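Student: Show me how the following folds:
(chains A, B and C)
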Amino acid sequence: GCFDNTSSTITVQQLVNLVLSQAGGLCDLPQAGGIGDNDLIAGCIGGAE
Amino acid sequence: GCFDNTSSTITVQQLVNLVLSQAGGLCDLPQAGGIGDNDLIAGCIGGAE
Amino acid sequence: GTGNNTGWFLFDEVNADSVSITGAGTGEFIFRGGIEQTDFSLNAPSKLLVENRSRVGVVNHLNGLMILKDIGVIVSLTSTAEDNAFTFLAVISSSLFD
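Tutor: Numbering: from 1, shown residues only, chains lettered A, B, ... in the order given. Below, you will see the structure:
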């Protein structure tokens, strides 16, 4: 990379941490106005999503 | 980037696969136990989230 | 248009040979004007609006919300969507009779 106008390098971890900070949360999802009879709900069944 | 002290390259797809390995998933979520009416639930609706 | 989309988009006097929308995005595409017989095909949970056009080519409605408004002429219309909170077809002041 060209960090701070210098030919240098950064750890993989540093980038990953920066990425996760922008991950976002479920609270930003749109709010549906109704529920059908073929909808699917996500949950931890058998210990997995 | 520098990998095992080797000047090689990796596709973004590979990078993406690695990144999610740390994001975990719903299992990481805490537990609340008690729920109210005004709360909201998550799921897949008519092909949308 | 594909993938996840949010917010509102506007096109004005944007002549186009055809338009296609897919994916799981939930944005709002707004069209307006133009002087070409454009086609449409929406299969997504997005919201689609068209208004103030002299003509529109073939139209397909597989999913999403389509609102046809104030169109001079429509070549043909189709619809096979299914009931969900994001889907509804509404037409306003437009004729199929050339």
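
Student: Look at the residue in chain C positioned nearest to chain B and tell me its secondary structure.
Tutor: Proximity of chain C to chain B (Cβ to the nearest Cβ) peaks at residue C:84, 3.2 Å away. All C-beta atoms are positioned from the backbone trio N, CA, C, and that covers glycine. Following DSSP: H, G, I helix; E, B strand; the rest coil, we place residue C:84 in the coil state.

Student: Would you agree it is in contact with residue A:37?
Tutor: No. The pair residue C:84 / residue A:37 is not scored as a contact, 9.9 Å apart, by Cβ atoms under 8 Å.

Student: Give me the more crowded residue out of the two.
Tutor: residue C:84 (22 against 6; other Cβ atoms under 10 Å in any protein chain shown).

Student: where exactly do the strands run in chain C?
Tutor: With DSSP state E as the definition, chain C shows strands at residue ranges C:8-10, C:28-30, C:40-42, C:47-53, C:56-61, C:65-71, C:74-76, C:88-94.

Student: Can you lay out these as a markdown table showing distance to chain A?
Tutor: Below are those laid out as a markdown table (distance: least, Cβ to the nearest Cβ, whole Å):
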| stretch | distance to chain A |
| --- | --- |
| strand C:8-10 | 14 |
| strand C:28-30 | 11 |
| strand C:40-42 | 17 |
| strand C:47-53 | 11 |
| strand C:56-61 | 18 |
| strand C:65-71 | 11 |
| strand C:74-76 | 28 |
| strand C:88-94 | 11 |
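
Student: Can you tell me which of those is most buried?
Tutor: Ranked by mean neighbour count under mean count of other Cβ atoms under 10 Å in any protein chain shown, the strands of chain C are led by strand C:40-42, which reaches a mean of 20.

Student: Show me what that one is packed up against.
Tutor: The elements that strand C:40-42 packs onto, with contact taken as 3 or more Cβ pairs under 8 Å, 6 or more residues apart in numbering or on different chains; DSSP states H and E, are strand C:47-53, strand C:56-61.

Student: check contacts around the residue of chain C found nearest chain A.
Tutor: Taking Cβ to the nearest Cβ, chain A has its nearest neighbour within chain C at residue C:85, 4.0 Å off. Residues counted as contacts of residue C:85 (Cβ atoms under 8 Å, 6 or more residues apart in numbering or on different chains) are A:32-36, B:45-46.
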